[PDB]
Amino acid sequence: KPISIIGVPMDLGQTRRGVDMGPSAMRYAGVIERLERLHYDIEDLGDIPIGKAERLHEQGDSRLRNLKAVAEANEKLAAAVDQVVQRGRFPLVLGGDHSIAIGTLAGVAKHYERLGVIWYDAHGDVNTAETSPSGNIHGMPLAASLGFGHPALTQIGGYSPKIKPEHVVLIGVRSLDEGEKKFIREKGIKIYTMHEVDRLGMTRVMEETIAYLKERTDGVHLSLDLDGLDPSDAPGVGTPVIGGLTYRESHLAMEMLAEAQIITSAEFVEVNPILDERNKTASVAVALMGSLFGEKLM
Amino acid sequence: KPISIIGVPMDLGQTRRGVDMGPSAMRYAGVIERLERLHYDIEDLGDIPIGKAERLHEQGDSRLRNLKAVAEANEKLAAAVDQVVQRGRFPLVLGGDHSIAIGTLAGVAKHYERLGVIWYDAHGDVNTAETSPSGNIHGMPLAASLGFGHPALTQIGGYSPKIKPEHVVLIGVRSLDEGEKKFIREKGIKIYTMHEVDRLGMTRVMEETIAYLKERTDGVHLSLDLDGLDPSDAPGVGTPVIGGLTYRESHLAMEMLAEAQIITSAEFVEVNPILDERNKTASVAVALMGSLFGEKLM
Amino acid sequence: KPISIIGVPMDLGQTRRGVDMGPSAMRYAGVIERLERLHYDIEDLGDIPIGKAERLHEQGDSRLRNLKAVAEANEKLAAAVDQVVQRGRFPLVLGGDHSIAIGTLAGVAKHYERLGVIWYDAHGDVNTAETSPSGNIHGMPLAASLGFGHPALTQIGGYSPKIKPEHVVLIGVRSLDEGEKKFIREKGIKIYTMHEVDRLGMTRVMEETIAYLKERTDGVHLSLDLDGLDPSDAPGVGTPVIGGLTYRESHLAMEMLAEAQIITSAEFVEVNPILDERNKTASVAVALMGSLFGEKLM
Ligand SMILES: NCCC[C@H](N)C(=O)O
Ligand SMILES: NCCC[C@H](N)C(=O)O
Ligand SMILES: NCCC[C@H](N)C(=O)O
Ligand SMILES: [Mn+2]
Ligand SMILES: [Mn+2]
Ligand SMILES: [Mn+2]
Ligand SMILES: [Mn+2]
Ligand SMILES: [Mn+2]
Ligand SMILES: [Mn+2]
C-alpha cells in the first residue's frame, strides 16, 4: 500500500522547544529514500500548519496548556489523515510531540470497526486535566482517544471514543503517574512495562501483543514514541526516562510487526533535534520505519 | 592440542589502511600470555610476508582490487597453515582483513572430509567480481572458499571448493548485498542474522549451530570477524555496522564452542589499531580467544 | 509439407566447446537457400535459449553433467517442436550436441501412435548415469527417449517413453560402451554397425530399415549425427570415430529415404565449426538435408 507522509511540527503538547523540528529532522535523516528503496510509492504531503499558542495568562486551563492551538492543529491533522486513508494510502505521521496522536487516531479510527493501538512509549499518556501533574497535553492523547478528557480533545473529528481500552497494548512503560496507574488498572489496558520486557523478553512480548490484537481488531495503529528507547539510544527526546528499550529490541519489534502485517497506520513522535547528538534520534526513527515497512537483513 | 600463531599483516583486501597492524595489536594485547595461562603449548610462527599491490590502473584488478598481491599472500598463508596442521597443531591465524580466510581455509580444508565453518560477522563475504559493489576482496572469501569467484582465488592450494554450503553457518549478519542475499538463499547457507539473534537469543543460536555442524562435519573452522560485534564494543574495524553482537554474547558463543569441543582451527580478523580506541578491539579479540580456548569464570 | 527450422545452440551435452555454433554454421552453409530451391515453404524460427550450466562441483551427480541446463533447454525445444507439428509443418532441428534429441522426440512423439526412429550415428547414445563412462548427456538421449534414465530427462514433455525399442533402427554404429551393447541386446533394438554396412552394403541396410519401420510405425524421425560419417568426410565433430560412413553412402541413404516418403521429422546434430576444416561438416549436413528433402541428380 502506498504511503503518505504528513509532518506535524508540534511542540505545544509540552514545554521543551525543538520537538517541532522532528519532521524535518527525520526527512533529513532520509525517510523518503529509505522507503523508496523498499519499492514504495511514498508521497510527502508536507506539514500541518500549527498556530502559536495563546500565552498562559489569558489562556484558560493550566491543567490543559495550549488547549486551543493543540486542539485546532489536531483538527487539521485529523482531516489530512482522513483523506489519506480515503485515498487508499497508509498514513505515516511524523511529529512533533505525542499530543498529535489525538489527530492521527481521529482520522484513522472512523475507518475501522475495531482499531487496535500499540503504544510504544516510556509513558502511558493516559492523564486528564484532573490527573495531569504538568498540564502538558502530550501526556493525555491516549486517554483522550479512549474518550477520557476535555471535550476539545475527545471530540476531534466529531466522534468518540476513537478506540476501546481492550484494543490497546502499551509497551516499554516505565514512568506512570498515580492517576495513570489507576486508569490503566481500571480501564483494563494491556501493558508491558520494562519489567515484563526484562522478564519475558521482547520476542514474547511482541508475540503476545500481535496475537492479542490480531484476534480482535480490524486495523492496528502504531504510535511510536522515541523516548520508549533508552536515552542512550534515543538521546533527543524532551522527557527521557532511563532503563529503556534498546536499538535492537526496537528493530526486532518493528521486524515482527512487519511480518505480522497488522500495522495499518503509524506515527513516530517526540524527536527533538535540539536535545539530540547529531540527529541520532531522527536516524533511529528512520531506521525503525524501514524495518516496520519490511526492510530485512537477509 | 598445541597452538601455532600465524600473523597475516594484510590490508589489500579492503581500503582502510592499518588493518595490517592487527596481528601485532593482538600480540601486544597479550595473546601469548593469555593462552599460556591455560597451559597450552603456544608457538608464534611470525607473519606471512605480504607484497605491496601494484597500481590499480597498471594491473587489471578493480572488481578485484589487488588480486595478485592478495592471491599470492594467501598462497603463502595456505602453505604455512597446511604445515601447522600436518605437524598436529591447531592453526590460529591473526589478521589482517577477511580476505585471508581464503588462505586459512585453503590450508585446513584438504585435511577434512567435511570441514564446517562458523562465520561470525556483520557481513556475508559471499560476493564475486560480478556482485561486489566495492571490488574489495575481503567481501569475497566465503564465496571463493565455496568455489565461487575468480580462479586466482578459488584455486588457492591447488584444489576447490574448500567447503560445501551446507556445512557453513553465518552468525551476526546485518549487512548483505543483494547479490549476496540471493547467493545465501540459493546456495542454501544456514544463517542467523541479528533478527534471529534478537528473536531466539545467542544461546539458542549457538545450540542450533553446534548441533547442526556437529551432526555433519569432521572439523569446524571458526572465522571470527571482529566487526560482528557492535562498533561500541569493537570500534577498531574498517567496515563497522551498528546494532551488532555484544561483548557478553561473543563470550558466551566462544564459551559454548569451547564446551562443544568442535573448533579445529580459527582466525580473528579485521582488527585495525588505527581506527580503534586504545587497542580496545585487539583486546576483545584476545579475551574472546581465551574463552574459545577454554578459559572459564569458575 | 512446409518446414520449420529450429536451432538449438547446445554444447552442455558434452565437453568440446563449439558445437553450439552448429546451427549458424549450417545456416551459413546455406540450408534455407538449398531448401527454397526445392520449392519448399521454409521458415526459420530462430534458436532455443540455452542457459549456462551451474558449477560442476555444485551439480547433483557427476554421471549427469549439466543436467539442469540440458533438461530445461530440452523442455523449451520440446514445446517449440510440438507447436510446429501442431501447425502442420515438418520440424527440422539443427544442433547442437545429440542431447537435444531428447527435446525433439518429446515434441514429436506425442503426435504419433507408433513413432519410428532412425539413429544415424557412430554411437548408440543409450547410456544411463549408471552405464555412462563420461557423464555426458549427449550419450543418453536414445535411452532416455526409450524411457530409461534420470526422470529429469525421461519426463520432458510430461510423458514417457517417447518411443518403443522395436521401432528403433541404428545405422553406422562403431563405438558402443559395454553397458550399451547389453542395453541394445536386451531391449532388442535393430542395429546395423559398420560390419553390416560393409557386409550388406548401404542399399540393403536402407531397404531393410525402410521396410522394417514402414511396416510398423505411423511416422519416422531421422536423428542424424554427423559423426556417423567418417572423420575424413565430416571432420568437425567432437567425438569422431574412424572407419565411418562415406559422403556417398550418406547421400544414398538420404536419397532412399526421400523416395520412401517415411521421414516425418529430423535433426542434424554434432556439427562443431571450431573442430572443422572450413565449414566442411556443416556443408555435408546441408547437402544431406537437400537429398532428404528430395533433391535429385537427374
Ligand atoms: N508524553 C509524556 C507525558 C509525561 C508525564 N507522564 C506527564 O503527564 O506530564
Ligand atoms: N568484508 C566486508 C564486505 C562488505 C561488502 N559486502 C563488500 O563486499 O564491499
Ligand atoms: N554421443 C557420443 C556418446 C559417446 C560415449 N558412448 C559416451 O557415452 O560418452
Ligand atoms: Mn508519549
Ligand atoms: Mn514518552
Ligand atoms: Mn568479514
Ligand atoms: Mn565484516
Ligand atoms: Mn550421437
Ligand atoms: Mn555420435
# chains A, B, ... in the order shown; residues from 1 in each chain; ligands from 1
call {"tool": "residues_around", "arguments": {"residues": "stretch 280-291 of chain C", "least_positions_apart": "6", "cutoff": "8 Å", "atoms": "only C-alpha atoms", "output": "mmCIF file with N, CA, C and O atoms, in the first residue's frame"}}
result
data_model
loop_
_atom_site.group_PDB
_atom_site.id
_atom_site.type_symbol
_atom_site.label_atom_id
_atom_site.label_comp_id
_atom_site.auth_asym_id
_atom_site.auth_seq_id
_atom_site.Cartn_x
_atom_site.Cartn_y
_atom_site.Cartn_z
ATOM 1 N N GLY C 22 26.928 -24.926 -34.275
ATOM 2 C CA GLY C 22 26.433 -25.771 -35.348
ATOM 3 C C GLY C 22 25.283 -25.175 -36.122
ATOM 4 O O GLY C 22 25.339 -25.156 -37.352
ATOM 5 N N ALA C 25 26.414 -22.383 -38.402
ATOM 6 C CA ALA C 25 27.382 -22.899 -39.367
ATOM 7 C C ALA C 25 26.609 -23.531 -40.517
ATOM 8 O O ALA C 25 27.005 -23.403 -41.676
ATOM 9 N N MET C 26 25.501 -24.199 -40.193
ATOM 10 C CA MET C 26 24.672 -24.824 -41.213
ATOM 11 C C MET C 26 23.841 -23.800 -41.962
ATOM 12 O O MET C 26 23.591 -23.961 -43.153
ATOM 13 N N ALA C 29 26.056 -22.383 -44.189
ATOM 14 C CA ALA C 29 26.351 -23.378 -45.205
ATOM 15 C C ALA C 29 25.228 -23.351 -46.250
ATOM 16 O O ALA C 29 25.284 -24.051 -47.237
ATOM 17 N N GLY C 30 24.199 -22.547 -46.011
ATOM 18 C CA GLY C 30 23.113 -22.391 -46.959
ATOM 19 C C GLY C 30 21.921 -23.318 -46.897
ATOM 20 O O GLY C 30 21.365 -23.661 -47.934
ATOM 21 N N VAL C 31 21.464 -23.654 -45.701
ATOM 22 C CA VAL C 31 20.326 -24.559 -45.574
ATOM 23 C C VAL C 31 19.004 -24.021 -46.136
ATOM 24 O O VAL C 31 18.274 -24.751 -46.795
ATOM 25 N N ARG C 34 19.134 -23.802 -50.028
ATOM 26 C CA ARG C 34 19.083 -25.168 -50.517
ATOM 27 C C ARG C 34 17.639 -25.693 -50.587
ATOM 28 O O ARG C 34 17.200 -26.217 -51.623
ATOM 29 N N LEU C 35 16.899 -25.510 -49.495
ATOM 30 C CA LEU C 35 15.521 -25.989 -49.402
ATOM 31 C C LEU C 35 14.525 -25.152 -50.188
ATOM 32 O O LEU C 35 13.526 -25.668 -50.692
ATOM 33 N N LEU C 226 26.196 -36.182 -37.353
ATOM 34 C CA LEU C 226 27.255 -36.078 -38.348
ATOM 35 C C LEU C 226 28.473 -36.968 -38.100
ATOM 36 O O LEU C 226 29.153 -37.320 -39.055
ATOM 37 N N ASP C 233 35.367 -37.295 -43.937
ATOM 38 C CA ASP C 233 34.258 -36.663 -44.622
ATOM 39 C C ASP C 233 33.623 -35.598 -43.745
ATOM 40 O O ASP C 233 33.231 -34.553 -44.228
ATOM 41 N N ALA C 234 33.541 -35.875 -42.453
ATOM 42 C CA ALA C 234 32.936 -34.968 -41.507
ATOM 43 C C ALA C 234 33.901 -34.748 -40.364
ATOM 44 O O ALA C 234 33.707 -35.290 -39.269
ATOM 45 N N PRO C 235 34.965 -33.954 -40.600
ATOM 46 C CA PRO C 235 35.963 -33.670 -39.570
ATOM 47 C C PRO C 235 35.469 -32.871 -38.355
ATOM 48 O O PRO C 235 35.898 -33.126 -37.237
ATOM 49 N N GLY C 236 34.527 -31.956 -38.555
ATOM 50 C CA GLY C 236 34.041 -31.137 -37.452
ATOM 51 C C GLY C 236 33.073 -31.736 -36.454
ATOM 52 O O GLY C 236 31.943 -31.270 -36.339
ATOM 53 N N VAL C 237 33.499 -32.770 -35.733
ATOM 54 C CA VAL C 237 32.656 -33.393 -34.713
ATOM 55 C C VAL C 237 33.493 -33.530 -33.450
ATOM 56 O O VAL C 237 34.714 -33.707 -33.525
ATOM 57 N N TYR C 247 30.574 -40.083 -47.713
ATOM 58 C CA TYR C 247 29.755 -38.984 -48.203
ATOM 59 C C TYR C 247 28.682 -39.556 -49.130
ATOM 60 O O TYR C 247 27.507 -39.247 -48.991
ATOM 61 N N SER C 250 26.049 -41.718 -47.376
ATOM 62 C CA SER C 250 25.102 -40.840 -46.691
ATOM 63 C C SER C 250 24.110 -40.210 -47.670
ATOM 64 O O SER C 250 22.942 -40.025 -47.351
ATOM 65 N N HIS C 251 24.565 -39.877 -48.871
ATOM 66 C CA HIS C 251 23.641 -39.302 -49.836
ATOM 67 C C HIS C 251 22.647 -40.349 -50.283
ATOM 68 O O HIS C 251 21.450 -40.082 -50.295
ATOM 69 N N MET C 254 20.026 -40.818 -47.662
ATOM 70 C CA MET C 254 19.072 -39.712 -47.693
ATOM 71 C C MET C 254 18.183 -39.775 -48.935
ATOM 72 O O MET C 254 17.001 -39.437 -48.868
ATOM 73 N N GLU C 255 18.752 -40.213 -50.056
ATOM 74 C CA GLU C 255 18.005 -40.324 -51.306
ATOM 75 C C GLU C 255 16.973 -41.438 -51.252
ATOM 76 O O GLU C 255 15.891 -41.316 -51.820
ATOM 77 N N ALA C 258 14.000 -40.249 -48.950
ATOM 78 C CA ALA C 258 13.160 -39.270 -49.635
ATOM 79 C C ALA C 258 12.169 -40.025 -50.501
ATOM 80 O O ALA C 258 10.963 -39.753 -50.517
ATOM 81 N N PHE C 268 19.755 -32.639 -37.392
ATOM 82 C CA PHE C 268 21.153 -32.839 -37.769
ATOM 83 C C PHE C 268 21.981 -32.283 -36.626
ATOM 84 O O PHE C 268 21.996 -31.083 -36.394
ATOM 85 N N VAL C 271 27.460 -30.914 -35.256
ATOM 86 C CA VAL C 271 28.297 -30.096 -36.138
ATOM 87 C C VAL C 271 29.056 -29.063 -35.276
ATOM 88 O O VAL C 271 28.434 -28.235 -34.582
ATOM 89 N N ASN C 272 30.388 -29.139 -35.277
ATOM 90 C CA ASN C 272 31.218 -28.223 -34.485
ATOM 91 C C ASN C 272 32.215 -27.528 -35.415
ATOM 92 O O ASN C 272 33.214 -28.125 -35.808
ATOM 93 N N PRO C 273 31.964 -26.241 -35.745
ATOM 94 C CA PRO C 273 32.796 -25.408 -36.631
ATOM 95 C C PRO C 273 34.202 -25.164 -36.083
ATOM 96 O O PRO C 273 35.163 -24.943 -36.826
#
call {"tool": "residues_near_ligand", "arguments": {"ligand": "ligand 7", "cutoff": "6 Å", "atoms": "only C-alpha atoms and all ligand atoms", "output": "PDB file with N, CA, C and O atoms, in the first residue's frame"}}
result
ATOM      1  N   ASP B 121      30.238 -12.706  11.756  1.00  0.00           N
ATOM      2  CA  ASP B 121      30.455 -11.465  11.025  1.00  0.00           C
ATOM      3  C   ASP B 121      29.182 -10.643  10.851  1.00  0.00           C
ATOM      4  O   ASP B 121      28.069 -11.171  10.938  1.00  0.00           O
ATOM      5  N   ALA B 122      29.356  -9.358  10.529  1.00  0.00           N
ATOM      6  CA  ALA B 122      28.228  -8.455  10.244  1.00  0.00           C
ATOM      7  C   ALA B 122      27.877  -8.621   8.757  1.00  0.00           C
ATOM      8  O   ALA B 122      26.770  -8.295   8.318  1.00  0.00           O
ATOM      9  N   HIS B 123      28.834  -9.160   8.000  1.00  0.00           N
ATOM     10  CA  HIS B 123      28.699  -9.377   6.562  1.00  0.00           C
ATOM     11  C   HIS B 123      28.689 -10.850   6.185  1.00  0.00           C
ATOM     12  O   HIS B 123      29.018 -11.710   6.996  1.00  0.00           O
ATOM     13  N   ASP B 225      35.198 -12.439  12.589  1.00  0.00           N
ATOM     14  CA  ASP B 225      35.433 -11.067  12.148  1.00  0.00           C
ATOM     15  C   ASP B 225      34.973 -10.178  13.299  1.00  0.00           C
ATOM     16  O   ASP B 225      33.800 -10.170  13.646  1.00  0.00           O
ATOM     17  N   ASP B 227      34.148  -7.236  13.436  1.00  0.00           N
ATOM     18  CA  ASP B 227      33.046  -6.315  13.120  1.00  0.00           C
ATOM     19  C   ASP B 227      31.680  -6.961  13.315  1.00  0.00           C
ATOM     20  O   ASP B 227      30.647  -6.346  13.058  1.00  0.00           O
TER      21      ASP B 227
END
call {"tool": "residues_near_ligand", "arguments": {"ligand": "ligand 2", "cutoff": "7 Å", "atoms": "only C-alpha atoms and all ligand atoms", "output": "tab-separated table (two decimals) with N, CA and C atoms, in the first residue's frame"}}
result
chain	number	residue	atom	x	y	z
B	98	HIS	N	39.57	-9.73	6.20
B	98	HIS	CA	38.95	-11.02	5.97
B	98	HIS	C	39.34	-11.83	4.73
B	123	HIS	N	28.83	-9.16	8.00
B	123	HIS	CA	28.70	-9.38	6.56
B	123	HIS	C	28.69	-10.85	6.18
B	124	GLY	N	28.34	-11.13	4.93
B	124	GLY	CA	28.31	-12.50	4.45
B	124	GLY	C	29.60	-12.90	3.75
B	125	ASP	N	30.28	-11.92	3.17
B	125	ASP	CA	31.54	-12.16	2.47
B	125	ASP	C	31.39	-13.20	1.36
B	127	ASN	N	30.44	-12.29	-1.93
B	127	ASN	CA	30.37	-11.55	-3.18
B	127	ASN	C	31.38	-12.09	-4.18
B	132	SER	N	30.09	-7.88	-6.41
B	132	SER	CA	30.73	-6.96	-5.50
B	132	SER	C	30.45	-5.51	-5.82
B	133	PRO	N	30.01	-4.74	-4.82
B	133	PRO	CA	29.72	-3.32	-5.03
B	133	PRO	C	30.95	-2.44	-4.78
B	134	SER	N	32.02	-3.04	-4.26
B	134	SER	CA	33.23	-2.32	-3.91
B	134	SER	C	34.51	-2.77	-4.59
B	135	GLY	N	34.55	-4.04	-4.99
B	135	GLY	CA	35.75	-4.58	-5.61
B	135	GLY	C	36.72	-5.03	-4.53
B	136	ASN	N	36.29	-4.96	-3.27
B	136	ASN	CA	37.12	-5.37	-2.14
B	136	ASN	C	37.05	-6.87	-1.91
B	138	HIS	N	37.99	-8.64	0.48
B	138	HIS	CA	37.65	-9.08	1.83
B	138	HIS	C	36.15	-9.35	1.91
B	139	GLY	N	35.43	-9.00	0.85
B	139	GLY	CA	34.00	-9.24	0.80
B	139	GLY	C	33.65	-10.47	-0.04
B	140	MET	N	34.68	-11.24	-0.39
B	140	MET	CA	34.53	-12.44	-1.22
B	140	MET	C	35.14	-13.77	-0.70
B	175	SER	N	24.36	-6.94	7.30
B	175	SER	CA	24.67	-6.12	6.14
B	175	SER	C	25.06	-7.01	4.97
B	176	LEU	N	24.07	-7.28	4.12
B	176	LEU	CA	24.26	-8.13	2.95
B	176	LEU	C	23.93	-7.41	1.64
B	177	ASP	N	24.75	-7.61	0.62
B	177	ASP	CA	24.48	-7.00	-0.67
B	177	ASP	C	23.41	-7.88	-1.35
B	239	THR	N	35.04	-1.66	8.37
B	239	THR	CA	33.68	-1.57	7.87
B	239	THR	C	32.66	-1.94	8.96
call {"tool": "select_by_dssp", "arguments": {"residues": "stretch 110-166 of chain B", "states": "strand (DSSP E)", "output": "MDAnalysis selection string"}}
result
chainID B and resid 115:120
call {"tool": "write_last_selection", "arguments": {"atoms": "C-alpha atoms", "output": "PDB file, in the first residue's frame"}}
result
ATOM      1  CA  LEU B 115      35.006 -29.201   7.202  1.00  0.00           C
ATOM      2  CA  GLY B 116      32.339 -26.934   8.613  1.00  0.00           C
ATOM      3  CA  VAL B 117      32.630 -23.176   9.013  1.00  0.00           C
ATOM      4  CA  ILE B 118      31.175 -20.754  11.543  1.00  0.00           C
ATOM      5  CA  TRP B 119      31.348 -17.290  10.002  1.00  0.00           C
ATOM      6  CA  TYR B 120      30.959 -14.779  12.863  1.00  0.00           C
TER       7      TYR B 120
END
call {"tool": "residues_around", "arguments": {"residues": "residue A:62", "least_positions_apart": "4", "cutoff": "12 Å", "atoms": "only C-alpha atoms", "output": "PDB file with N, CA, C and O atoms, in the first residue's frame"}}
result
ATOM      1  N   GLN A  14       3.858  20.029  24.977  1.00  0.00           N
ATOM      2  CA  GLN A  14       4.807  20.002  26.089  1.00  0.00           C
ATOM      3  C   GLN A  14       5.613  21.304  26.155  1.00  0.00           C
ATOM      4  O   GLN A  14       5.329  22.248  25.418  1.00  0.00           O
ATOM      5  N   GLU A  54      -1.696  30.772  22.654  1.00  0.00           N
ATOM      6  CA  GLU A  54      -2.036  31.957  23.426  1.00  0.00           C
ATOM      7  C   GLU A  54      -1.215  31.855  24.698  1.00  0.00           C
ATOM      8  O   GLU A  54      -0.980  30.754  25.205  1.00  0.00           O
ATOM      9  N   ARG A  55      -0.773  32.987  25.220  1.00  0.00           N
ATOM     10  CA  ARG A  55       0.045  32.935  26.412  1.00  0.00           C
ATOM     11  C   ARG A  55      -0.756  32.479  27.628  1.00  0.00           C
ATOM     12  O   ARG A  55      -1.932  32.815  27.784  1.00  0.00           O
ATOM     13  N   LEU A  56      -0.115  31.623  28.419  1.00  0.00           N
ATOM     14  CA  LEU A  56      -0.671  31.015  29.632  1.00  0.00           C
ATOM     15  C   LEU A  56      -1.669  31.874  30.410  1.00  0.00           C
ATOM     16  O   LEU A  56      -2.742  31.407  30.800  1.00  0.00           O
ATOM     17  N   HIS A  57      -1.275  33.124  30.634  1.00  0.00           N
ATOM     18  CA  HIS A  57      -2.041  34.138  31.362  1.00  0.00           C
ATOM     19  C   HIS A  57      -3.536  34.265  31.004  1.00  0.00           C
ATOM     20  O   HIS A  57      -4.407  33.927  31.813  1.00  0.00           O
ATOM     21  N   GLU A  58      -3.827  34.767  29.806  1.00  0.00           N
ATOM     22  CA  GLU A  58      -5.206  34.951  29.346  1.00  0.00           C
ATOM     23  C   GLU A  58      -5.808  33.615  28.897  1.00  0.00           C
ATOM     24  O   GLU A  58      -7.017  33.496  28.658  1.00  0.00           O
ATOM     25  N   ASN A  66      -2.092  25.304  26.332  1.00  0.00           N
ATOM     26  CA  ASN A  66      -2.212  25.486  24.883  1.00  0.00           C
ATOM     27  C   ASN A  66      -3.328  24.662  24.242  1.00  0.00           C
ATOM     28  O   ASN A  66      -3.252  24.289  23.066  1.00  0.00           O
ATOM     29  N   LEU A  67      -4.395  24.444  25.003  1.00  0.00           N
ATOM     30  CA  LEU A  67      -5.518  23.644  24.543  1.00  0.00           C
ATOM     31  C   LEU A  67      -6.097  24.008  23.196  1.00  0.00           C
ATOM     32  O   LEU A  67      -6.339  23.126  22.380  1.00  0.00           O
ATOM     33  N   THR A 128      -5.442  13.156  32.477  1.00  0.00           N
ATOM     34  CA  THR A 128      -6.533  14.087  32.200  1.00  0.00           C
ATOM     35  C   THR A 128      -6.164  15.394  32.888  1.00  0.00           C
ATOM     36  O   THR A 128      -5.144  15.465  33.573  1.00  0.00           O
ATOM     37  N   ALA A 129      -6.999  16.416  32.727  1.00  0.00           N
ATOM     38  CA  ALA A 129      -6.739  17.700  33.365  1.00  0.00           C
ATOM     39  C   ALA A 129      -6.715  17.484  34.863  1.00  0.00           C
ATOM     40  O   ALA A 129      -5.978  18.165  35.572  1.00  0.00           O
ATOM     41  N   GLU A 130      -7.486  16.506  35.338  1.00  0.00           N
ATOM     42  CA  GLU A 130      -7.529  16.214  36.767  1.00  0.00           C
ATOM     43  C   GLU A 130      -6.311  15.455  37.244  1.00  0.00           C
ATOM     44  O   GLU A 130      -5.771  15.769  38.299  1.00  0.00           O
ATOM     45  N   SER A 132      -3.341  15.056  35.436  1.00  0.00           N
ATOM     46  CA  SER A 132      -2.071  15.533  34.922  1.00  0.00           C
ATOM     47  C   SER A 132      -1.303  16.369  35.924  1.00  0.00           C
ATOM     48  O   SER A 132      -1.846  17.306  36.510  1.00  0.00           O
ATOM     49  N   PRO A 133      -0.028  16.026  36.151  1.00  0.00           N
ATOM     50  CA  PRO A 133       0.804  16.769  37.096  1.00  0.00           C
ATOM     51  C   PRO A 133       1.488  17.951  36.430  1.00  0.00           C
ATOM     52  O   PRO A 133       2.061  18.799  37.117  1.00  0.00           O
ATOM     53  N   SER A 134       1.389  18.027  35.099  1.00  0.00           N
ATOM     54  CA  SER A 134       2.062  19.071  34.320  1.00  0.00           C
ATOM     55  C   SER A 134       1.169  19.979  33.488  1.00  0.00           C
ATOM     56  O   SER A 134       1.543  21.112  33.163  1.00  0.00           O
ATOM     57  N   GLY A 135       0.008  19.481  33.111  1.00  0.00           N
ATOM     58  CA  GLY A 135      -0.877  20.281  32.295  1.00  0.00           C
ATOM     59  C   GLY A 135      -0.462  20.126  30.853  1.00  0.00           C
ATOM     60  O   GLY A 135      -1.053  20.761  29.979  1.00  0.00           O
ATOM     61  N   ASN A 136       0.550  19.283  30.607  1.00  0.00           N
ATOM     62  CA  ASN A 136       1.055  19.026  29.261  1.00  0.00           C
ATOM     63  C   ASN A 136       0.173  18.050  28.500  1.00  0.00           C
ATOM     64  O   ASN A 136       0.132  16.862  28.820  1.00  0.00           O
ATOM     65  N   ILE A 137      -0.468  18.540  27.444  1.00  0.00           N
ATOM     66  CA  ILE A 137      -1.344  17.721  26.625  1.00  0.00           C
ATOM     67  C   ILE A 137      -0.663  16.498  25.963  1.00  0.00           C
ATOM     68  O   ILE A 137      -1.319  15.486  25.692  1.00  0.00           O
TER      69      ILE A 137
END
call {"tool": "interface_residues", "arguments": {"of": "chain B", "to": "chain C", "cutoff": "9 Å", "atoms": "only C-alpha atoms", "output": "PyMOL selection string"}}
result
chain B and resi 147-148+160-161+164+187
call {"tool": "select_by_dssp", "arguments": {"residues": "stretch 15-229 of chain B", "states": "alpha helix (DSSP H)", "output": "NGL selection string"}}
result
:B and (22-28 or 31-36 or 67-86 or 101-108 or 141-145 or 151-154 or 178-187 or 194-200 or 202-214)
call {"tool": "closest_residue", "arguments": {"among": "A:156, A:269, A:38, A:275", "to": "ligand 1", "atoms": "only C-alpha atoms and all ligand atoms"}}
result
A:269
call {"tool": "residues_around", "arguments": {"residues": "residue C:203", "least_positions_apart": "5", "cutoff": "10 Å", "atoms": "only C-alpha atoms", "output": "mmCIF file with C-alpha atoms, in the first residue's frame"}}
result
data_model
loop_
_atom_site.group_PDB
_atom_site.id
_atom_site.type_symbol
_atom_site.label_atom_id
_atom_site.label_comp_id
_atom_site.auth_asym_id
_atom_site.auth_seq_id
_atom_site.Cartn_x
_atom_site.Cartn_y
_atom_site.Cartn_z
ATOM 1 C CA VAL C 197 27.204 -51.791 -43.724
ATOM 2 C CA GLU C 208 15.697 -53.439 -44.815
ATOM 3 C CA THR C 209 15.424 -50.400 -42.497
ATOM 4 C CA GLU C 249 26.689 -43.687 -48.614
ATOM 5 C CA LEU C 252 22.272 -42.645 -50.996
ATOM 6 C CA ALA C 253 20.692 -43.162 -47.566
ATOM 7 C CA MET C 256 16.387 -43.647 -50.443
#
call {"tool": "residues_around", "arguments": {"residues": "residue A:95", "least_positions_apart": "5", "cutoff": "9 Å", "atoms": "only C-alpha atoms", "output": "VMD selection string"}}
result
chain A and resid 6 to 11 19 to 23 100 267 to 271
call {"tool": "residues_around", "arguments": {"residues": "residue B:85", "least_positions_apart": "5", "cutoff": "12 Å", "atoms": "only C-alpha atoms", "output": "list in words"}}
result
residues 1, 2, 3, 4, 5, 78, 79, 80, 90, 91, 92, 104, 105, 106, 107, 108, 109, 110, 111, 112, 219, 264, 265 and 266 of chain B
call {"tool": "closest_residue", "arguments": {"among": "A:13, A:59, A:151, A:292", "to": "ligand 1", "atoms": "only C-alpha atoms and all ligand atoms"}}
result
A:13
